[PDB]
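S.K.: Mind having a look at this structure? Questions to follow.
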Amino acid sequence: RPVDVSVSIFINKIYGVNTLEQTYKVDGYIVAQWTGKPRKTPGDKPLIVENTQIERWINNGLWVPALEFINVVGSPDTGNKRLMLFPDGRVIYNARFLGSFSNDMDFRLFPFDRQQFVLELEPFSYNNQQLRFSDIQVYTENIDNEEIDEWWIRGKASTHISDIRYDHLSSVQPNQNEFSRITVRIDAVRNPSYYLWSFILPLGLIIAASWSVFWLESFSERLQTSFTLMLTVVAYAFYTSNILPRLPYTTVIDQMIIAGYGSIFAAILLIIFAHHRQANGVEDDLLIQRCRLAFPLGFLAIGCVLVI
Amino acid sequence: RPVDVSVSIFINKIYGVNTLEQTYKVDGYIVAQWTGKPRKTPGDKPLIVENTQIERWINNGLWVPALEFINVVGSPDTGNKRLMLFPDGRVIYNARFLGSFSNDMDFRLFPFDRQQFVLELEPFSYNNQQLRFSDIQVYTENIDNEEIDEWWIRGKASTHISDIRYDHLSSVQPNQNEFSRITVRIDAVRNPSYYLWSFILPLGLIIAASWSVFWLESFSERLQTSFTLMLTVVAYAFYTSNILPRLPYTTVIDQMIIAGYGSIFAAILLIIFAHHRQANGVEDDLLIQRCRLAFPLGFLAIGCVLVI
Amino acid sequence: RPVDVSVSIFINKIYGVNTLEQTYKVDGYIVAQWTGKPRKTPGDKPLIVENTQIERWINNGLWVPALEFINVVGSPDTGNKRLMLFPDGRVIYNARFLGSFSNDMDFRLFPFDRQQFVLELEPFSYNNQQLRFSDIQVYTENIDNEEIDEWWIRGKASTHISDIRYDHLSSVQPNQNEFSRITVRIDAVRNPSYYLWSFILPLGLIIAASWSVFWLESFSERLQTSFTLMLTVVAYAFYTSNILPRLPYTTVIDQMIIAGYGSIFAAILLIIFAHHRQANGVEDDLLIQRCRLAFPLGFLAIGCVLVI
Amino acid sequence: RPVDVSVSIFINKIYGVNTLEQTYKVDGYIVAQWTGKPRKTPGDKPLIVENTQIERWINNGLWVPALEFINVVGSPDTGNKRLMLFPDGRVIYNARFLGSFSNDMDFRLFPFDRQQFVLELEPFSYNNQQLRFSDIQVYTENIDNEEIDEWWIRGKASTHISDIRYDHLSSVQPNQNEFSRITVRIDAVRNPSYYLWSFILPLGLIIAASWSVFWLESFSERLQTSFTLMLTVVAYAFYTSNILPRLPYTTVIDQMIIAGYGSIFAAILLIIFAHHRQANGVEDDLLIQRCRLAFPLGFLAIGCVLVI
Amino acid sequence: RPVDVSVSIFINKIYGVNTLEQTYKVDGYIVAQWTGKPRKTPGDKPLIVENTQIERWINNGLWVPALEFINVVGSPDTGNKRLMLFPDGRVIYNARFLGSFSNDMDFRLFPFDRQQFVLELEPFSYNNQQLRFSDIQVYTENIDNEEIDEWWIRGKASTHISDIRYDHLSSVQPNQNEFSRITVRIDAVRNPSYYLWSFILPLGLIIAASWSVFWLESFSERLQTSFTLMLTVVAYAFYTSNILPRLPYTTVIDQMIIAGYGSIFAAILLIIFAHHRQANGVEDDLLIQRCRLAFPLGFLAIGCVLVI
């Protein structure tokens with residue numbers, strides 16, 4: 001009874017990931033094929049109907065279902081539209097699209113995070129007893145100039161056709177509240193190159209050099225310098241947050257910077273402690289120097305165990 | 001006499017909060033159901049009319065009221081439209097929408113501020129004696145992994161149908177100046193994680209470490225250090241204000257920074273006083289040291305009462 | 001002979017002030033009422049015509065004049081349209097609008113500047129002998145919680161109907177060159193809270209603390225500190241300009257920064273002069289210390305020039 | 001035989017200069033008048049046709065030529081349209097427009113640069129033997145309070161109708177390859193006020209104060225101070241580039257900053273030279289002291305010859 | 001059987017390169033000429049059809065194929081449309097367009113990178129047996145005064161007609177696939193002026209002056225100064241990244257900055273080593289002094305090998 005619709009989605013490009021909105025842009029084609037009333041075509045060859053002419057055929061009573069991207073944000077930019085009307089009854093809708101799609105995205109492991117770009121297609125009006133998805137084909141390019149792309153795709157697209165029961169609506173026998181939904185996924189991983197060498201590494205060097213405060217001889221030298229190190233961390237926090245993607249939570253890099261504040265605030269609490277511990281007002285050079293490699297180890301250890 | 005319209009609003013996604021404009025984006029569906037004169041439909045199943053075809057039915061005189069979002073800013077992006085014409089007279093209008101809505105939003109607290117995302121629906125032309133909202137149903141998705149979202153929705157939507165008296169009208173007829181209005185609310189709180197660890201805490205450490213200036217031995221050491229601390233607060237004010245949401249008033253964080261400027265400007269007025277308080281311009285080591293725990297408490301006291 | 005058009009403009013929201021472009025967004029409704037040839041209506045109650053149907057009525061020869069917003073920048077976003085056609089001939093056009101409007105705006109007194117948001121309405125084709133504005137009503141909401149708004153609206157809107165002679169025209173004969181124009185104004189003042197406590201005040205403290213350089217004993221101490229102060233003002237100059245609205249001229253805050261640069265550059269010219277002033281090339285500690293309150297007065301004097 | 005079209009372009013507002021794209025926005029009206037075969041209008045009075053109705057008249061075979069803005073970037077936002085059809089044959093097209101126009105713009109003399117805003121109008125389909133521009137009028141508003149505007153328009157607009165030979169074409173009779181083009185010009189200058197007081201002047205003071213390094217007594221003082229001076233120029237370089245308009249080449253201010261980098265790197269090369277020039281490592285205080293006004297003159301010289 | 005289509009693409013302006021999305025804007029015209037069934041035209045002169053009228057002719061059964069830009073991102077902004085219908089059967093479609101095109105772009109050699117702006121044109125519905133591109137002409141403005149443009153075009157446009165086999169397509173149907181595709185290329189180079197003088201050069205001076213730390217006499221002077229130098233690099237990394245185009249990989253400039261971080265961290269490791277190398281804790285001035293030209297050469301040697 002239900003019309004069988006074969007879908008094919010060509011994906012050209014996924015880009016423009018929005019971290020805060022949890023969205024991403026997808027350019028590609030969508031093709032839908034189904035079979036209906038046989039038809040007389042000019043010269044008996046298949047008939048082509050382009051763009052504005054499709055509207056005319058719909059007015060004369062041509063059935064073209066309103067397949068909707070469930071997880072798209074706002075009406076997508078539909079390029080050229082096309083109807084291929086065959087004489088043996090079948091009809092093929094082919095259209096190019098560019099739209100912003102939504103999915104749950106966890107960027108907490110940034111810059112070493114993995115995401116999956118999802119498309120979800122479903123009829124807008126017709127339930128599963130009226131319109132059914134027969135199969136889904138997804139074609140992507142095998143791009144291996146990987147390095148220039150931010151994301152390494154881990155495989156061809158994985159699909160999953162299913163039925164979605166919508167509870168609220170004015171139904172009939174319990175089988176008019178279900179809708180056929182295509183669900184496409186494309187797993188990918190972020191290229192951590194740029195972020196390792198231009199953010200992670202310099203931050204390491206800066207945190208490291210913060211420890212060289214202990215190797216200063218005088219006390220005034222040690223304390224006055226820590227305020228300059230503190231200033232440097234603030235400068236670097238501004239550097240990162242301004243260029244790095246904005247999020248509602250802390251990344252790996254965000255934590256390194258918090259640790260820097262601590263490594264310096266700790267130092268300020270120690271640089272100041274050695275100067276007043278022992279009796280006879282002696283310069284407690286016994287506690288410092290022990291610190292000249294207690295921090296370079298304590299941080300390079302205790303910070304090495306954040307394997308959550 | 002007035003027509004009964006049953007409304008149902010599905011909410012898919014709330015995002016894109018604009019702090020200055022006091023707005024926010026809402027993606028979802030809207031469903032309107034009413035009953036009118038019965039109709040003979042193809043076969044006996046409900047007839048479906050999608051998008052451009054709905055326009056034609058209205059020209060032939062089908063009644064479809066123009067329900068307007070009162071608090072939307074600019075015409076919303078309407079996706080797919082659908083009319084389900086039942087034979088028993090009913091009719092169901094179903095449409096996808098994405099629009100920027102407005103509401104009063106108080107960000108004076110932050111990042112611990114609470115907001116409620118509001119929708120207000122009302123007929124554009126028909127008063128309550130012509131068109132009345134019978135009931136309103138609001139369905140939202142259950143965010144289970146809310147930890148990664150910016151906003152945590154704290155409870156289901158509250159609905160409320162009411163009547164609106166518009167005083168300044170053209171005609172009057174004492175029963176033609178009232179309009180039926182649906183009002184949906186969704187209370188929510190901001191995820192304060194990122195703002196606590198990456199802004200609030202370091203500022204505390206910096207404000208704390210600012211107090212360790214008094215522990216410098218020389219007078220020259222103490223005063224020259226205060227100028228580097230001053231620089232750090234300016235840098236940190238620039239750091240926050242550039243990434244934090246812009247507002248026309250001071251937040252909690254904005255207040256901490258002003259306190260930082262003062263705690264440092266105060267110290268400069270004290271470090272400079274000790275050098276000339278006692279006679280003979282002696283370094284008043286009796287006055288300082290009293291400050292080594294007057295600020296860590298004085299700042300931690302008078303500042304502890306910010307209940308404004 | 002000319003048609004009387006009674007206008008009513010409901011204003012919902014004014015926002016999105018663009019300082020460089022001198023523009024602002026206005027959301028609201030517009031209502032125009034006039035009378036023409038009587039008409040046969042379905043039943044005998046007034047007939048309602050919404051949105052797309054208005055176009056069709058115009059084709060059958062209904063007169064609907066093209067009232068234009070003179071000072072709008074780009075075609076405004078028109079929401080729902082409505083014609084209420086009464087049987088006794090009169091017609092009421094009601095439509096919601098959101099557009100970016102233009103006016104002359106002086107931001108020299110920032111953050112204590114005052115502005116008036118202006119709307120200018122005028123027929124596009126029909127002169128004053130064809131279409132005339134009878135009266136104009138402008139309704140605004142009573143802003144109660146203005147403390148959280150950026151702009152405080154002072155008093156209700158002032159209206160102004162007038163006539164404009166367009167000199168250059170083709171058929172003319174000084175009788176077809178005049179047009180009826182409604183002009184609405186809304187005075188408002190900027191909320192100076194955020195700008196006073198987070199910008200004006202800290203800059204004062206920094207300018208104040210810049211004077212505390214003179215209380216340093218050594219010469220090297222005084223000069224080396226001045227370079228850190230110079231750096232601090234630059235840091236603060238970047239801080240302000242990045243968040244403050246861009247303008248083609250200097251504001252109040254912008255000038256304080258120039259004064260800060262001067263007060264520091266001046267000090268550098270004295271700290272350096274004292275080291276070489278009178279005979280014996282004496283470290284003129286007789287000149288400094290006299291200076292420890294010459295700047296705190298000199299700056300509050302030469303800078304006090306409330307002449308601008 | 002060729003049709004005479006009289007053009008009149010009212011200019012309301014020029015704004016939104018994009019420095020990188022070399023474009024600018026222009027709001028205004030356009031008027032085109034031509035005459036053809038006389039016409040029957042309801043009443044012997046002129047007939048007015050607004051907006052959507054113009055399409056209907058064109059379908060019935062009314063000739064309305066497609067005058068195109070040659071130097072516009074993307075289709076302009078056309079507001080209200082109007083046809084004024086006179087009975088004696090003449091026709092007047094009136095429409096409001098807002099579009100982004102392109103032109104060659106040299107910002108090398110920034111902030112003291114001069115530009116000319118250009119409009120170029122030409123028929124899209126009809127050559128000069130079919131449609132010819134008779135005359136061109138350009139009307140601008142009286143800018144009285146130009147102190148608060150970004151751009152000062154100097155002098156009235158200059159117009160110029162001309163002919164353009166399009167070499168590549170298909171048609172025979174080689175006299176169908178020329179098109180009538182209106183070309184409007186509007187000279188204007190940038191308001192150099194803000195940039196002089198908030199960028200140029202502080203830059204002078206900062207560059208000036210960099211020279212005061214030579215008046216430090218010790219060698220350690222002079223070299224260590226230069227590193228703080230270096231930091232200031234970088235900070236000031238960041239200040240400018242972030243607020244100043246982005247360009248693909250160096251302005252006047254940009255060069256002062258390069259000179260600033262040099263004057264400090266130069267100073268470091270002299271401070272370091274004096275300390276090892278003479279034997280026995282004696283401090284060449286003759287080289288310094290000569291430098292106390294050699295840089296204030298040497299820099300005020302080499303930079304004084306930027307007469308490009 | 002297949003229709004011959006002669007294409008001509010005029011390019012007016014290439015601009016607005018987006019580095020992250022790897023896109024660019026292109027303004028220009030497109031001309032397509034083909035021949036079909038002859039027609040009787042008004043006045044027997046070639047008939048011109050502009051904009052909205054083109055739609056009418058298509059409804060009357062005029063064949064106008066839907067040529068698509070393969071590598072465009074989103075529906076392009078089509079300005080004025082035109083059909084020139086000759087009586088002898090031939091047809092010329094002419095329209096202006098502005099669209100954002102996509103292509104592979106390698107910015108690793110930035111600011112010394114070379115790019116090619118590509119257009120790809122192909123029919124949307126009709127294969128090569130139905131519609132074939134006969135020839136392709138691409139016209140650009142000659143070598144003008146390119147000094148003020150961001151991009152210098154180094155050579156004329158290269159054209160290439162070809163056939164593209166879609167293995168996976170509609171049904172299966174062999175040898176009914178393959179599409180005639182025009183492919184335009186325009187090689188260009190980036191204007192390296194601004195980036196050489198305002199980014200590369202100061203960074204050299206800053207990196208150079210960092211080496212002058214070794215010429216400081218004391219140990220405290222050298223180590224404490226390195227912390228000021230470190231701060232300077234962070235400031236410069238923020239300066240560049242904020243102004244420079246954002247990318248997912250390291251550029252040439254990005255690497256220079258990494259070298260800056262290292263040269264300083266290295267310096268801190270040597271300055272600190274000399275203080276503890278030789279016995280009795282003597283300051284190893286035998287190691288330093290050699291460092292006064294080990295870094296200016298070592299950095300320019302082992303780190304400068306920009307070979308591998």
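Chains: A, B, ... in order of the structure tokens. Residues: from 1 per chain. Ligands: from 1, in order shown.
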Could you please select, counting only C-alpha atoms, the residues of chain E within 9 Å of chain A and state them as a PyMOL selection string?
M.R.: chain E and resi 20-21+55+58-59+65-66+68+73-76+104-108+124-126+168-171+219-220+223-224+227-228+230-231+234-235+237-239+241-242+246-250+254-255+257-258+261-262+265+268-269+272
S.K.: Please extract the residues of range 126-275 of chain B with a backbone DSSP assignment of alpha helix (DSSP H) and present them as a PyMOL selection string.
M.R.: chain B and resi 193-195+201-210+219-243+252-274
S.K.: Please, which residues of range 22-168 of chain D, numbered as in this document, come out strand (DSSP E) from DSSP, as number ranges by chain?
M.R.: D: 23-35, 47-50, 68-69, 77-85, 90-102, 114-122, 131-140, 151-153, 158-165
S.K.: Please provide the set of residues having any atom within 8 Å of residue 110 in chain D, restricted to only C-alpha atoms, with same-chain residues fewer than 6 positions apart removed, written as a list in words.
M.R.: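 Using only C-alpha atoms, the neighbours found are residues 251, 252 and 253 of chain D.
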S.K.: For those residues, write N, CA and C atoms to a file as a PDB file, in the first residue's frame.
M.R.:
ATOM      1  N   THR D 251      50.066  51.352   5.889  1.00  0.00           N
ATOM      2  CA  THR D 251      49.643  52.748   5.952  1.00  0.00           C
ATOM      3  C   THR D 251      50.769  53.597   6.535  1.00  0.00           C
ATOM      4  N   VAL D 252      50.475  54.866   6.798  1.00  0.00           N
ATOM      5  CA  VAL D 252      51.441  55.757   7.428  1.00  0.00           C
ATOM      6  C   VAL D 252      51.713  55.314   8.862  1.00  0.00           C
ATOM      7  N   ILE D 253      50.650  55.012   9.602  1.00  0.00           N
ATOM      8  CA  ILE D 253      50.780  54.601  10.996  1.00  0.00           C
ATOM      9  C   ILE D 253      51.582  53.311  11.107  1.00  0.00           C
TER      10      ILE D 253
END
